[PDB]
Amino acid sequence: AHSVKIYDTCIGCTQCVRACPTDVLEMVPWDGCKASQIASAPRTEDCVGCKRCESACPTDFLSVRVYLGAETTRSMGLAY
Amino acid sequence: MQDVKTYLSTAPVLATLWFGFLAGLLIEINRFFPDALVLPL
Amino acid sequence: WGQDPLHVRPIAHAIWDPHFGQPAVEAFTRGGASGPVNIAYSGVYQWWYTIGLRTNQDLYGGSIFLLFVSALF
Amino acid sequence: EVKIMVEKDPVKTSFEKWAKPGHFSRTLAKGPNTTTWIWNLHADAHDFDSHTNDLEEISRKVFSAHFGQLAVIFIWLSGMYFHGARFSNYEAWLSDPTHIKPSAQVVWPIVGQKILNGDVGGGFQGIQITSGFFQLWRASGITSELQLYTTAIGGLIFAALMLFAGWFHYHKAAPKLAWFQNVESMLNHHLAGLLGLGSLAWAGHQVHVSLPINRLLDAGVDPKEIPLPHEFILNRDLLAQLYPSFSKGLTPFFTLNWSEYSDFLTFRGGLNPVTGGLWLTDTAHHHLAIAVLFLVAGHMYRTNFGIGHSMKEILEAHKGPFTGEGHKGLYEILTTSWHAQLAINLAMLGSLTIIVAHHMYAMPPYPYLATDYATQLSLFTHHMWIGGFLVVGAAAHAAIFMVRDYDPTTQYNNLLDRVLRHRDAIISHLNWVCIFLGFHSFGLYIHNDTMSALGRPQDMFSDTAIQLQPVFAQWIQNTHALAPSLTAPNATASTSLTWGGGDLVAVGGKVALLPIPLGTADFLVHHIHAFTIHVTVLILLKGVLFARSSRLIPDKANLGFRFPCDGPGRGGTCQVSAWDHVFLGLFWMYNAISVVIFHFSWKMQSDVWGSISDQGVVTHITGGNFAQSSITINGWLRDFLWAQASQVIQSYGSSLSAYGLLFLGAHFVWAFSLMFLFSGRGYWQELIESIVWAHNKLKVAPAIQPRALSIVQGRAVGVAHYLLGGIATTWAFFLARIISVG
Amino acid sequence: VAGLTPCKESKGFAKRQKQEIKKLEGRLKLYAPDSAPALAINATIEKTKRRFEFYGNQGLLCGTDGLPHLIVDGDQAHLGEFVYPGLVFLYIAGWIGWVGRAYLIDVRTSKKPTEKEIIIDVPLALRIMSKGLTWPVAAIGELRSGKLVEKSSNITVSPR
Amino acid sequence: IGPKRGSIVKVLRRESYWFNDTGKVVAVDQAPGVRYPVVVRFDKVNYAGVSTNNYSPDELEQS
Amino acid sequence: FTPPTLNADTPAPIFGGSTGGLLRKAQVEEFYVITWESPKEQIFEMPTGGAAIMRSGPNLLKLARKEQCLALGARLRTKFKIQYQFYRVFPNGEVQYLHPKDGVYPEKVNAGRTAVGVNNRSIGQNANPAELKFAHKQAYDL
Amino acid sequence: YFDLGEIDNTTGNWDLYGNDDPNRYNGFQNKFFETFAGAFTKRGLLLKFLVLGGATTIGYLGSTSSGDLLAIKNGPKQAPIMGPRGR
Ligand code: CLA
Ligand code: CLA
Ligand code: CLA
Ligand SMILES: CC1=C(/C=C/C(C)=C\C=C\C(C)=C\C=C\C=C(C)/C=C/C=C(C)/C=C/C2=C(C)CCCC2(C)C)C(C)(C)CCC1
Ligand SMILES: CC1=C(C/C=C(\C)CCC[C@H](C)CCC[C@H](C)CCCC(C)C)C(=O)c2ccccc2C1=O
Ligand code: SF4
């Protein structure tokens with residue numbers, strides 16, 4: 001549904017994963033930062049699109065980026 | 001006065017003291033020189 | 001309106017409303033019409049008068065011609 | 001266990017904490033970095049729960065803030081008595097009040113505003129006041145302006161005492177948490193000591209001061225030759241010539257011969273035909289009764305003397321089969337959360353202020369209150385707006401209790417847990433009754449507008465068309481008029497004149513009150529009122545119930561109260577917060593209270609307020625057009641919003657032209673609100689970025705970065721200008737129209 | 001000029017003086033002649049008569065409404081309507097703009113530059129509010145020396 | 001790598017808030033493979049409220 | 001990492017009933033089951049609205065959304081020291097285990113997971129939309 | 001309450017107010033309704049004659065109506081109201 005993209009400006013601060021309320025983001029190993037980890041979005045079909053990860057990203061400009069695309073019953077947040 | 005004058009130098013107090021002086025001046029201009037539509041000088 | 005463009009209100013179209021009472025039928029009858037009509041405030045009478053259209057048959061022929069033009073398009 | 005817990009000198013009285021502005025919050029103590037720091041400085045200024053997690057210092061902050069509020073109200077009362085003493089015509093109005101308008105504000109002759117000092121009468125120029133202070137001082141027995149100056153300087157003394165107590169109960173001896181948690185003692189000393197002894201003391205004033213002076217004012221005696229209030233206490237024969245029951249001298253009180261006090265303690269009812277205001281023998285019996293009843297009710301709870309009630313024992317014994325473990329933990333709610341008690345107290349104070357508004361147009365308590373129509377409209381309108389604001393704030397602090405003080409571990413299977421457990425049912429059935437009320441009142445208005453537009457006056461909801469007579473109200477008004485004969489014997493007359501007992505009271509040639517008719521128009525506008533109150537309840541109760549979580553956002557309590565949104569996800573989570581429900585309930589309070597005061601103004605300008613000529617003919621201000629024009633929106637726009645606005649727009653060049661200026665400036669503040677309400681932060685942030693670029697070009701960049709207002713702040717600014725502009729529009733239109741035709 | 005009669009010879013402007021005193025004289029009829037509110041209306045009448053004798057003596061132009069109209073084109077007769085108080089204004093408005101600009105330069109080279117804007121340093125402020133008197137000689141002096149404007153390489157610019 | 005620690009640099013990154021702004025370098029990572037090693041501290045915060053950001057040496061010049 | 005199997009014999013927390021629970025999306029589309037092991041009998045805030053007494057052993061809670069499982073799960077990870085996992089249950093009977101996928105929570109890094117949805121460029125090096133007209137690819141997915 | 005043997009009983013698929021009674025009428029009443037409502041069964045057939053039959057039945061009484069039945073077919077019954085400026 002929603003497309004969440006991680007860019008190489010990430011410092012591995014992990015707070016995009018901690019702010020995620022639908023378990024989209026996970027921290028995979030990486031070689032481009034001091035923390036040696038970058039975020040990724042394997043369960044991007046579960047993304048509501050709330051951009052809590054973009055609110056918690058301290059990198060200017062943002063490393064996690066959520067693009068609101070086709071919206072399904074996962075990304076609409078319904079219970080009915 | 002190391003901190004009382006610091007409070008008196010804050011943004012709302014200095015706006016109140018300046019605009020109190022500013023509106024105090026412009027009212028007193030408008031008493032002795034009222035209805036001023038054209039500057040004669 | 002072509003006979004007297006100063007004292008005749010230009011009529012747009014007739015009104016067929018099932019919700020009118022008799023005051024609404026008697027009050028919307030303007031311009032010397034047989035029923036309740038809408039007064040045209042679009043300036044189409046002034047336009048068609050200045051351009052050369054005089055009778056209702058000329059306006060009907062123009063309506064058929066522009067039906068044909070829209071059909072061609 | 002109830003006793004005084006204070007401790008000495010918690011914080012030192014120093015100005016070094018005045019110099020640092022954001023000392024209360026950890027985020028604002030680092031100093032400013034953007035221009036949003038200034039707005040969070042004011043937003044978190046009074047929010048004492050966000051400062052510290054210790055409820056003891058929070059309660060001390062709230063207690064000294066109460067004392068500062070009391071100091072501000074005593075400064076305000078000092079000003080209004082000093083304005084009566086020096087800048088009023090209160091002695092001139094008190095000589096004859098049927099021709100001289102009440103005025104207590106003189107403007108300075110500076111810029112052409114000296115035309116606002118209008119001819120109010122009595123050889124006086126000033127702003128005609130509508131606050132009702134003149135009739136209040138006439139009911140208090142105030143005869144001279146020296147008494148007003150003495151009350152002003154006494155109020156200044158009490159304002160200094162409240163400032164001293166606010167300093168004392170935060171910096172010298174501040175109470176501890178268990179002192180504030182003695183709610184049984186606080187209720188015992190508020191019911192008996194505050195509302196009981198206050199009613200008893202005002203009853204003593206209304207026995208010795210208000211009653212004989214106001215009896216002499218009904219006799220046409222000049223107030224300069226009326227004896228002073230202490231002369232009735234000293235010379236009791238002077239008090240006995242007006243009431244012979246004073247000749248016995250306190251022996252019927254202790255021998256239970258209270259009927260011998262029937263000369264000055266009566267259950268008359270109705271209005272004084274001399275003045276148009278309630279009797280003070282009834283207002284003194286009223287205060288003596290609510291004092292001998294609030295002092296009884298103040299001996300109910302258990303403090304430390306054995307007798308009484310633990311209210312936890314009252315609550316925990318109140319449990320039912322439809323609830324199970326209900327009412328348990330609500331004592332722990334209402335003694336550990338300031339916001340829950342604030343919600344209950346604000347709901348009662350707002351609803352009570354609405355009670356005050358109705359029980360003052362209908363039973364006018366002050367002499368020449370009813371016949372001064374400006375005072376009646378302004379007092380009703382002011383108390384409706386205060387009451388609506390306080391009930392919206394009640395729902396606000398209910399929601400703040402949910403997001404910041406509701407502990408789910410202590411509340412299992414009680415009333416609050418089960419109300420949260422079926423909040424979908426509450427909000428959905430409230431939604432149904434709101435939509436049903438909206439169609440069955442406003443669509444009835446739309447139907448009347450449509451058939452009046454289509455030339456079908458018989459197809460409407462009129463008194464001549466399909467009738468919708470309020471048979472329950474028309475029966476309860478007959479039940480309240482035909483009461484003295486059988487269900488309430490000992491009454492000389494009836495409770496109010498608006499019930500149907502006759503008594504066309506004419507004071508000064510102007511109608512005080514008469515029987516108020518209730519027809520199809522009153523039915524329609526009362527269903528509008530019920531609809532608007534229900535919708536305000538719907539947004540506000542939805543914000544209270546969905547403050548913790550929702551089906552949309554299950555972690556909404558972690559986001560807080562003043563958060564804008566979660567984001568553009570789940571379709572968009574804009575205005576999910578409980579704050580945003582308070583924000584929308586402020587608009588629905590505008591809608592509700594504005595239609596309430598519009599129905600009030602038109603209903604009594606059409607059916608109550610007017611003049612009486614010879615041979616008993618009553619000519620109202622807008623004669624009889626409420627029954628036929630207030631059933632359509634075109635009548636409300638035409639015979640109310642256009643016909644009665646023909647004195648706010650042509651008041652220019654007169655004393656009421658400031659009402660025209662504030663009418664137009666109130667339209668300005670309303671259209672200014674629509675800038676903040678309809679727009680959003682990011683547009684203004686990029687426009688400010690262009691302005692910051694222009695400042696960078698000319699080296700006038702501030703180090704405090706210019707930022708757009710926050711989304712919560714932009715909505716707050718928009719609703720503040722919407723309420724301020726619309727309320728000031730109605731204030732200007734009301735206070736120009738009813739002053740002009742009054 | 002522009003079809004407007006002068007206000008000293010305008011019959012409509014003298015009509016508005018006649019109907020303004022007559023409104024105030026009828027307000028005076030219901031007061032005692034030595035009373036305190038009658039002294040305010042008597043001071044209002046003398047304020048009105050001073051106003052109408054000031055507008056006619058300045059060469060103001062009155063239209064068909066009897067109202068003084070301002071000619072802002074830059075006429076040699078009409079300098080005090082727009083040009084003379086405009087130059088008086090822009091001197092005062094440039095004084096506000098120069099002492100606020102010079103305050104920000106003086107606090108940008110400080111230890112905490114953001115605490116000097118919420119808490120304005122009055123000895124630093126008042127020593128340059130006097131210096132804003134001679135500001136056209138200091139604004140064009142900074143314009144000619146290049147210190148007024150900042151080069152675009154050191155200015156924060158949003159991307160395309 | 002990096003220009004210098006404790007030096008004044010100007011950001012050439014287009015999408016940063018501090019583009020064409022004076023910043024102070026506080027840390028340069030000398031580990032290979034790091035894309036943005038130079039840590040630059042700024043006197044002014046961005047809209048997120050932070051002043052610490054990592055840039056490559058290609059996006060900075062000494063000023 | 002072997003995913004845990006849903007036992008379907010552990011019991012529910014003591015809850016009086018809520019109207020915020022499973023609607024017809026549970027019946028035809030999906031519903032979410034969260035299973036966690038408890039130290040003792042506690043009281044927790046229900047993400048549908050309300051409070052329930054959680055059991056002294058393993059607990060099973062049926063939820064409608066994936067966000068309700070994280071809102072509950074982060075509540076009993078910070079207030080309580082309880083490890084949790086949840087599932088996705090479909091109406092045909094298939095139970096899809098969802099979190100944590102490697103057995104360790106996604107805040108902590110694991111060597112088994114791979115980078116997906118990761119761009120080696122930044123935002124400023126994304127291509128303009130004018131040079132990607134009429135293509136399935138967009139400015140960020142390449 | 002999860003079972004893995006009955007997926008409908010653990011998800012809310014309950015006939016909350018349903019009944020399993022086979023019949024409660026008699027054969028005489030049942031044969032009358034299916035005979036009369038036998039040409040109204042098919043959705044594609046019923047949508048055809050309801051649109052075509054519904055368009056005719058509003059055009060019939062729209063046209064055969066009288067002056068007292070509907071005011072729009074009554075027409076004006078008084079002198080027309082002349083507007084301002086002689087129009
Ligand atoms: C002059 C005597 C004095 C001094 C030096 C102090 C010292 C202190 N007070 Mg205060 N206090 C005093 C009198 C004093 N107080 C009184 C009279 C009250 C009763 C209101 C209290 C109650 C009190 C509370 C409850 C709190 C303190 C605290 C504070 C600290 C700084 C707060 C601050 O910034 O104040 C500056 C504040 C102001 C200038 C605002 C004053 C507002 C007044 C009441 C007027 C408001 C209405 C006014 C008419 C404006 C209306 C709007 C207008 C546009 C019309 C500091 C230790 C705080 C503290 O220690 O916590 C960290 C705290 O929370 N004080
Ligand atoms: C019989 C004693 C008594 C009485 C008269 C009151 C009266 C009052 N209380 Mg108090 N209170 C008492 C005992 C009493 N209290 C007890 C025992 C408790 C402890 C459990 C509390 C704790 C409590 C708190 C925490 C607060 C109050 C507040 C209030 C005020 C109500 C708000 C208001 O605007 O009212 C109308 C206000 C007035 C009429 C002003 C009257 C002020 C004068 C000086 C009397 C007050 C002094 C004292 C209480 C009684 C002295 C009597 C004296 C006249 C001889 C009012 C001053 C509230 C407040 O505003 O805080 C300041 C507040 O929330 N009370
Ligand atoms: C008994 C009265 C009472 C109590 C104790 C409080 C107490 C509080 N309120 Mg409030 N509330 C109430 C009633 C009250 N309120 C009412 C009347 C409303 C409806 C408007 C609400 C709605 C409510 C909401 C929506 C929220 C609170 C919150 C707050 C908290 C701090 C707000 C702050 O720092 O002030 C800030 C003060 C200002 C910004 C001053 C602005 C004043 C108004 C808005 C504009 C000016 C109006 C003025 C009359 C017009 C003059 C114009 C002229 C100057 C040109 C505090 C707990 C906030 C919170 O976080 O609670 C924890 C918040 O989010 N309140
Ligand atoms: C000064 C100045 C100025 C001016 C200003 C202007 C421009 C104006 C605007 C304004 C407008 C254009 C409007 C406004 C309006 C107002 C208002 C509106 C206000 C109000 C206030 C208040 C305070 C209120 C009160 C109230 C209330 C609260 C409630 C009830 C009612 C009332 C009313 C009583 C300028 C800038 C030039 C310059 C500088 C200075
Ligand atoms: C206009 C507007 C702004 C911009 C509003 C701003 C920047 C507030 C302006 C406040 C004053 C005018 C600036 C600060 C004034 C200083 C005290 C300096 C004094 C200068 C003069 C006022 C004397 C928003 O931020 C916004 C956010 C969300 C929805 C709508 C809107 C919105 O409509
Ligand atoms: S929050 Fe931003 S910087 Fe931190 S790990 Fe996530 S993407 Fe990287």
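These values consider heavy atoms only, across backbone and side chains, with no hydrogens, waters or symmetry-generated copies. Below, chain A is the first sequence line, B the second, and so on; all start at residue 1. Numbering of ligands and ligand atoms starts at 1, following listing order.
The protein reaches atom 28 (C) of ligand 4 closely, with a heavy atom under 4.0 angstrom from it. Proximity of atom 4 (C) of ligand 4 to the protein is not indicated, since no non-hydrogen protein atom lies closer than 4.0 angstrom. Within the 4.0 angstrom cut-off, atom 30 (C) of ligand 3 has no protein heavy-atom neighbours. In this structure, atom 39 (C) of ligand 4 has its sub-4.0 angstrom surroundings free of protein heavy atoms. Within the 4.0 angstrom cut-off, atom 19 (C) of ligand 4 has no protein heavy-atom neighbours.
When each atom of ligand 4 is checked for a heavy atom of D/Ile727 under 4.0 Å away, the hits are 29 (C), 30 (C). Less than 4.0 angstrom separates some heavy atom of D/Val669 from each of these atoms of ligand 4: 15 (C), 18 (C). Interface atoms of ligand 3 facing D/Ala45, defined by a heavy-atom separation under 4.0 Å, are 34 (O).
Aromatic rings from D/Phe672 and D/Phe668 are positioned such that their centres are separated by under 6.0 Å. Between D/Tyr590 and D/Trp385, the ring center distance clears the sub-6.0 Å criterion.
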Could you tell me, for ligand 5, which of its N or O atoms are under 3.5 Å from any protein N or O, listing the pairs and their distances rounded to 0.1 Å?
residue	atom	partner	partner atom	Å
ligand 5	25 (O)	D/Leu709	N	2.5
ligand 5	33 (O)	D/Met675	O	3.3
ligand 5	33 (O)	D/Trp684	NE1	3.2

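Of the heavy atoms in D/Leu586, only side-chain atoms (C-beta onward) come closer than 4.0 Å to ligand 3. Contacts between D/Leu724 and ligand 4 below 4.0 angstrom, taking non-hydrogen atoms only, involve the side chain exclusively.
Here the protein heavy atom with the shortest distance to atom 14 (C) of ligand 4 is D/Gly665 O, 3.9 Å. Nearest to atom 9 (C) of ligand 4 among the protein's heavy atoms is D/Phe668 CE2, 4.6 Å.
Checked by atom type and distance alone, the side chain of D/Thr573 pairs as donor or acceptor with a backbone atom of D/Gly567 at under 3.5 Å.
In terms of polar-atom proximity, D/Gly393 is not counted as a contact of ligand 3, lacking any N or O under 3.5 Å from an N or O of the ligand. Where the criterion is an N or O separation shorter than 3.5 Å, residue side chain and backbone included, D/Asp44 fails it with respect to ligand 3. Among the atoms of D/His46, some N or O lies under 3.5 angstrom from an N or O of ligand 3.
Heavy-atom proximity to atom 6 (C) of ligand 3, evaluated over D/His397, D/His581, D/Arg404, is greatest for D/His397.
Residues meeting the side-chain hydrogen bond (donor to acceptor under 3.5 Å, both in side chains) test with D/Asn591, sequence neighbours left out: none.
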